[PDB]
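Each chain, letter by letter, is given below.
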Amino acid sequence: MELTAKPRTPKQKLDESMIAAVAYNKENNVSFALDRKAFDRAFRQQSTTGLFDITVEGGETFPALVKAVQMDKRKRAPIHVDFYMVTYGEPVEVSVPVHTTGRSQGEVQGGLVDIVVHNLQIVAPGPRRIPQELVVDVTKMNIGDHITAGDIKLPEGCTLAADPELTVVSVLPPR
Amino acid sequence: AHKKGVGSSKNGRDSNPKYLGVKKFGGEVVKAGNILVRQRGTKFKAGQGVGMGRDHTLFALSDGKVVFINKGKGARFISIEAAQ
Amino acid sequence: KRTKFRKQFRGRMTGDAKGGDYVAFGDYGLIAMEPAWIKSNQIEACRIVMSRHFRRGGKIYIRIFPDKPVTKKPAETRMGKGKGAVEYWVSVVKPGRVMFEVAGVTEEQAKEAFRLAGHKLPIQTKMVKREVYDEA
Amino acid sequence: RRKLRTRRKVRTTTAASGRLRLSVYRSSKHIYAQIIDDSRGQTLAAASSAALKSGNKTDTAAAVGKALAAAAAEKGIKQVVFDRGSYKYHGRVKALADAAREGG
Amino acid sequence: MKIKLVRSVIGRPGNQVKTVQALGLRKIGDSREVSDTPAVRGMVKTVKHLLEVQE
RNA sequence: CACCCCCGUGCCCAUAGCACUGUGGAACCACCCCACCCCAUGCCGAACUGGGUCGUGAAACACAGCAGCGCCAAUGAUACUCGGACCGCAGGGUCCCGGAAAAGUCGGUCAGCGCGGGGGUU
RNA sequence: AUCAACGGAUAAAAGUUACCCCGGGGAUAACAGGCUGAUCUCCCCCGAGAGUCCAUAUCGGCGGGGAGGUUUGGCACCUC
RNA sequence: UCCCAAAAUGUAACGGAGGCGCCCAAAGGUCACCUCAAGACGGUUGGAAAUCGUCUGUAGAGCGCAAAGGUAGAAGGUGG
RNA sequence: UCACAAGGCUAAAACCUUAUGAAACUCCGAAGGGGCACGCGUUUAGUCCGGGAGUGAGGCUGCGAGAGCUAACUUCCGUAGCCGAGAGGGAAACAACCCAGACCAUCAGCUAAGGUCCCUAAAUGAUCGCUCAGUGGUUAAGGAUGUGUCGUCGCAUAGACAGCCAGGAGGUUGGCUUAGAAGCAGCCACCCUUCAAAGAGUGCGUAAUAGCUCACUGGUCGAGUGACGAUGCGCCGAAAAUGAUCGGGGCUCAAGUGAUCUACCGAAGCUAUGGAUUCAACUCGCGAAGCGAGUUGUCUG
Ligand SMILES: [Mg+2]
Ligand SMILES: [Mg+2]
Ligand SMILES: [Mg+2]
Ligand SMILES: [Mg+2]
Ligand SMILES: [Mg+2]
Ligand SMILES: [Mg+2]
Ligand SMILES: [Mg+2]
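As deposited, the entry is annotated with X-ray crystallography as its determination method and 3.2 Å as its resolution.

Looking at the PDB entry, one finds chain E named 50S ribosomal protein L30, with Deinococcus radiodurans as its source organism. According to the record, the entry carries the title "Crystal structure of compound 4e bound to large ribosomal subunit (50S) from Deinococcus radiodurans". Comment text from UniProt for chain E, heading Function, reads "Binds the 5S and 23S rRNAs." Its UniProt record gives chain E a comment under Sequence similarities, which states: "Belongs to the universal ribosomal protein uL30 family."

Identification of chain D as 50S ribosomal protein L18 from Deinococcus radiodurans is taken from the PDB entry. In the Function part of its UniProt record, chain D is described as follows: "This is one of the proteins that bind and probably mediate the attachment of the 5S RNA into the large ribosomal subunit, where it forms part of the central protuberance." Under the UniProt heading Sequence similarities, the entry covering chain D gives this text: "Belongs to the universal ribosomal protein uL18 family."

(A) Representation of the overall build of chain E within the structure. Along chain E, the regular secondary structure elements total two helices and three strands. Along chain E, from the amino end to the carboxyl end, the secondary structure elements read β-α-β-α-β. The C-alpha atoms of chain E give 10 Å as radius of gyration, which agrees with the globular expectation for 55 residues (10 Å, within 12%). Principal-axis analysis of the C-alpha atoms places the extent of chain E at approximately 30 × 20 × 15 Å. Counting every position in chain E, which comprises 55 residues, the buried fraction comes to 25%. Across chain E, the fraction of contacts at a sequence separation of at least 24, relative to all contacts at a separation of at least 6, is 69%.

(B) Highlighting the packing of aromatic side chains. Tallied over the entire structure, the rule returns five aromatic pairs over all chains. On the numbers, 5.2 Å between centres and 15 degrees between planes, the contact of A:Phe39 with A:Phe43 is stacked. Of the two residues, A:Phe39 and A:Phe43 are both situated in helix α2 (residues 36-46); the distance of four residues between them amounts to about one turn of the helix. In this pair, the class of A:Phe39 matches that of A:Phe43, namely buried. Ring geometry for B:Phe44 against B:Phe68: centres 5.5 Å apart, planes inclined by 85 degrees, an arrangement best described as edge-to-face. Here B:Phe68 lies in strand β7 (residues 64-70) and B:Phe44 lies in the loop between β3 (35-38) and β4 (45-46), a separation of 24 residues in the sequence.

(C) Region of the structure containing the protein's contact with RNA strand I. Around RNA strand I sit 66 residues in total, of which A:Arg103, C:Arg12, C:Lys73, E:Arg7 and E:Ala22 are the nearest. For RNA strand I, the fraction of protein-proximal atoms (within 4 Å) that sit in sugar or phosphate groups is 76%. The separation between a base oxygen of RNA strand I and a polar side-chain atom of C:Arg12 is 2.8 Å. Side-chain polar atom of E:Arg26 to a phosphate oxygen of RNA strand I: 2.9 Å apart, as the coordinates give it. A class-by-class count of the residues in the surface near RNA strand I yields 22 nonpolar, 17 polar and 27 charged.

(D) Seen up close, the side chain of C:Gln42. Residue and element names in this part refer to chain C. By the element assignment, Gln42 lies in helix α1 (residues 40-53). The class of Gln42 is buried, set by a relative accessible area of 13%. Look past the residues within four positions of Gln42 in its chain and what remains in contact with it is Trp37, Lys120 and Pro122.

(E) Looking closely at helix α2 (residues 107-119) of chain C. Residues and elements named next belong to chain C. With 13 residues, α2 should cover 18 Å at 1.5 Å per step; its first-to-last C-alpha distance of 19 Å lies within 8% of that length. Buried residues of α2: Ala110, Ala113, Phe114, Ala117 and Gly118, and no others. An end-on view of α2 places all buried positions within 145 degrees of arc, on one side of the element. The outward face of α2, more than 90 degrees from its buried face, is lined by the exposed residues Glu108 and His119. The elements touched by buried residues of α2 are β1 (28-32), α1, β6 (98-102) and β7 (125-128).

(F) Representation of the sheet that holds strand β2 (residues 34-36) of chain D. Residue and element names in this part refer to chain D. One open sheet holds the three strands; their spatial order is β2-β1-β3, and the pairing between them is mixed. Only two strands of the sheet have a single partner each, and these edge strands are β2 and β3 (80-83). With direction set aside, neighbouring strand axes in the sheet form an average angle of 30 degrees. When strand β1 (residues 20-23) meets β3, the two strands line up parallel, connected through four bridges. Looking across to β3, one finds that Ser23 is bridged to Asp83.

(G) Highlighting the sheet that holds strand β5 (residues 88-93) of chain C. All names here are of chain C. Ordered by their spatial adjacency, three strands build an open sheet running β2-β5-β4, and the pairing between neighbours is antiparallel. Two strands in the sheet have a free side with no partner beyond their single neighbour: β2 (36-39) and β4 (68-70). On average, each strand axis in the sheet is inclined to that of its neighbour by 45 degrees, with strand direction left out of account. As paired strands, β4 and β5 are joined by three bridges and run antiparallel to one another. Residue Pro69 lies in a different strand from β5, and its bridge partner there is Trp89.

(H) Molecular detail of the protein's contact with RNA strand H. Neighbouring RNA strand H are 29 residues; B:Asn16, B:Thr42, C:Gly80, D:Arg7 and D:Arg8 lie closest to it. The share of sugar and phosphate among atoms of RNA strand H within 4 Å of the protein is 68%. Within the contact set of RNA strand H, a phosphate oxygen lies 2.9 Å away from a side-chain nitrogen or oxygen of B:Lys45. Here D:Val10 contributes a backbone N or O atom positioned 3.5 Å from a base nitrogen of RNA strand H.

(I) Inspection of the nonpolar core at higher detail. In terms of nonpolar packing, the biggest core is built from 22 residues, with C:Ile38, C:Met50, C:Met99, C:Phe100, C:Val102, C:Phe114 and C:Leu121 touching the most fellow members. Secondary-structure elements contributing two or more residues to this core are β1, β2, α1, β6 and α2 of chain C. In terms of nonpolar packing, the next biggest core, distinct from the first, is built from 17 residues, D:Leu22, D:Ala33, D:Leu68 and D:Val80 among them.

(J) Structural context of a positive patch on the surface. On the surface, D:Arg1, D:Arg2, D:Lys3, D:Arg5, D:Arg7 and D:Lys9 cluster together into a positively charged patch. Its place among the elements puts D:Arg1 in the segment before α1 (3-11).

(K) Spatial organisation of the interface of chain A and chain C. Taken together, the contact between chain A and chain C spans 16 residues of the former and 24 residues of the latter. Together chain A and chain C conceal approximately 1,700 Å² of surface at their shared face, both sides included; 49% is due to carbon and sulfur atoms. Looking only at chain A, the three residues that lose the most surface to chain C are A:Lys73, A:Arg74 and A:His118, adding up to 37% of its buried area. Where chain A meets chain C, there are one salt bridge. Here C:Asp16 ties to A:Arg74 by a salt bridge, and the two come within 2.8 Å at their closest N and O atoms. When residues of the side of chain A that touches chain C are traced back to their parent elements, those giving at least two are β4 (60-71) and β7 (112-115) of chain A. Here the side of chain A that touches chain C is composed, by residue class, of six nonpolar, four polar and six charged.

The rules behind each value
Residues numbered from 1 in each chain as written, not as in the entry; some residues may be left out. Chains lettered and ligands numbered in written order. Part of a larger assembly, values for the part shown. Heavy atoms only, no water. UniProt positions renumbered as here; feature names shortened; annotations may be inferred. Helix = DSSP H or I, 4+ residues; strand = E, 2+ residues; numbered from the N terminus. Rg over C-alpha atoms; globule rule 2.2 N^0.38 Å. Buried < 20%, exposed > 50% of the residue type's maximum accessible area, 1.4 Å probe, protein only. Contact = heavy atoms within 4.5 Å. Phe/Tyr/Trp six-rings, centres within 6.5 Å; stacked < 30°, edge-to-face > 60°. Near = heavy atom within 4 Å. Polar contact = N/O pair within 3.5 Å; in protein donor to acceptor, adjacent residues only side chain to side chain. Nonpolar A, V, L, I, M, F, W, Y, C, P; charged D, E, K, R; others polar. Expected span 1.5 Å × (residues − 1). Arc of directions from axis to C-beta. Pairing = 2+ DSSP bridges. Axes fitted to C-alpha atoms, helices over the stretch in contact; angles between N-to-C directions. Core = buried A, V, L, I, M, F, W, Y, C linked by side-chain atoms within 4.5 Å. Patch = residues over 30% accessible without salt bridge, like charges linked within 9 Å, V, L, I, M, F, W, Y side chains within 5 Å. Areas by Shrake-Rupley, 256 points an atom, 1.4 Å probe, with all protein chains shown as cover. Salt bridge = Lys/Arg side-chain N within 4 Å of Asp/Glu carboxyl O. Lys, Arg positive; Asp, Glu negative; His and termini not counted. Charge placed at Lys NZ, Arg CZ, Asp CG, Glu CD. Buried area = accessible area lost by both parts, 1.4 Å probe.

Put into structure tokens, the structure is as follows:
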């Protein structure tokens, strides 16, 4: 991913295939402007549980993880991106996509797997030690089975930012 | 005479003349007696050389210059920083 | 449909969607491209359309609710006062607002149930997917 | 409660009166009877009890008041405003008043 | 700053007609040399569209 | 304002607050102690109030740690909008020019500044 | 002092006119026209289901989009 | 009184809501003192609430009435 | 505070995660608006006393609202402009919209809004494009291998998508359901063998069978072929009463339409030349105001 300019007036970029950007940590919070097309092909893969380096037109390489995106309401199209500069040793709370594996023994009788929490906030993970997903096996589940947060296998060192009695995956009855 | 009702329900005339608000502002010269605020409760409370009438009206005790102190809503004060 | 407790009457004004995400609750959604007043009966019409298509289960999220009361002309006049409490309830929908979202159904199954529900609506709509995680 | 200090302390209308205020700490037995200036964040006179209590602890009543009244003239002070912290103006503090009310 | 009235005051809000009066312009074409001070610069910005401004 | 601490009292009244945790007793302050009176409880020295220690620092307080919660909060961007100019039969929308949020994120914080009196550097 | 018609005409006051009269009003209604098109008339989208079977040979729940100006109106613009 | 009312004041409709035509000899003056609603847990007639007790508690209560502003350093509650 | 969506949970109320709506909700909160001081800087009104009035039916448009059906050339407030009381150009015609405020004279000149085929003033201009419907010169839901241009998945000379010859299973008339239900009136599943390959199965069919073909496989050709979407211009949807038409003629051999660039036309606007008026200051007549003349500025719907 290759950035270009950085003015306060976005009039120059708006007409072209460019999206406004920002990257911060606590020591450097510079202005930015990258390619729409290039950002999309990459972001669609990465999201909050992935990172890429941004080399601004002057030879300055920095690693950054996406914090928040803001798209147009009338369009689907993103109009601005908030990148957060990575430390190397200790990060923040990250939203991880909760996924499902194997057909349930509850989905058979007339049930359906309801992923109540689409993205999970996880305390103390580790930078570049961020899991790109969060797979949860559901074969053990019958109709009326609620899988809480304090029942999920996290990958080494990671802790949970949400309550342990809070429903993440449930098998739902018919009608 | 009917068995229905006295005054007919579901109305929409009724309202009242009414006034209110600030009269003299931050950086105005005032003579003694000059009303600087008309209000309901104690939006603004009295300060230096500022009195408070029966109807919470804020008036000048002594001539000078109106000064507003905004501590953060509720803690609102009008004062007179005497010119001399 | 209608609301349980209230005030009786209202007004009218418009400008671009305030509180409508993309992917909350469901996997696929149905978004407005035009502003309108969604009648209680049009939502009910859309719901039944989707519910019938997805025979058993129940995974339809109606993110819009009719809360605005609209009025009427008894038959003639104007030589009287403000009118008709009980005409119809409405949901002020502005472009961007997710009206409906489905779960536990395929891309193809959802494509259709929304294509059907679209024909019952007084505005143009667009079918959507995931990649919106704003604030939770 | 703590509402009683703030109560009398609020009813002590600072600059309108023109006068200076007289504070008292008779919650303990080391009464601080201070003369405090309104505008400036200053304490002018004052008379304690820790520095030689005269055997007495509650009977030191007039002693601290007399000490104060005398210290007032040494500075010039003649106009005052007494502030009974939370102290129901009756014994210990009622004496200190008369002790100063007759000493100037 | 060289100012010239290129557009009519008719149909324009009161204040804008009042500003063109303060600038000393009475006819379309009326040109005049002008002061470079916040107040005089402000008047000229307030009727910017009715005037042809040089430098 | 030599310096440490304490008791009073300010300006400032959450970047000052809470929670959790630790230090301080016989200088100061707190409980404590007894009360027949002064004085007091629509009942009860609980509180006011009087006489006083000891005993303790439990409780309260003061001080110190800490970023779990509160509180504070950018940059960017958007919403909205003064003025200029348009689109649509309409609900409604766009462009140019300044102005400019709210929420959120980065992050910042267990304050700062006076006056007086008391006790310490054995 | 419900002088409450609340700046209060007298201390003191209801009806009726198709037997009617005068001064005016298109400042204002009935007819008609006009603008509008809720209502009215018609047409179109979708396809639940009816049709042995098969949505569309016929028919079209709930809903949606228009056209027309022949209805009942709205409004009160020329014409009293 | 609130809303309409376009962040000054003002602003219409047979627009949307709702009160007043009195009351209080203390519900006034002043000086003292007091501090609320609710919830959890524990208990006599009881037991959904009540009278009691501790723990949370800007106020979620009260203010003779309608609503709005205001208010616990009291405008709330009690006495001389 | 009131309303409200999905789940947790508990004996519902509360509380928790997610998600909202508000004229009479607000932890917040503009742009703007108003008071005052200053004029740091341009302008030319203001106030106070007194004489004479007229007017107290407004109208339209944009914007902000209510009423109304988010109708009306509707009604009622706020706000800005014009008409009223406004001529002149433009909008075919046309109070109001766009431009512009007419002191008088000229067979002078420049512009504005608008315009530049002919009616009819002035480019049948210049460049790159688009649209062949007379769209331009009646609206929509919905519909479409219409053409122009950017994009997102995929199968592909290890030989595709289409045509052509051959084949298309056996369990098994999958079970259930039923008067039957056998790939095809409706639930559950979509597991297995043989293999170059064949889904307990797409559309038609008879009363269930059969039938007739597709999903998948090979041979011969030989090259790009297909599905979502975006967006420009166009197509269908598109029926009204006396005779038809975009003002007409007529235009694509653009006189349509997006972007750019000059040039010209065009008013009572600005200008040239002359001339009159209003007020004002600057000269002089006259014993004094006051009024003459006289320039210069200024004014005159
Ligand atoms: Mg905040
Ligand atoms: Mg501007
Ligand atoms: Mg504007
Ligand atoms: Mg228009
Ligand atoms: Mg802007
Ligand atoms: Mg008629
Ligand atoms: Mg439409």
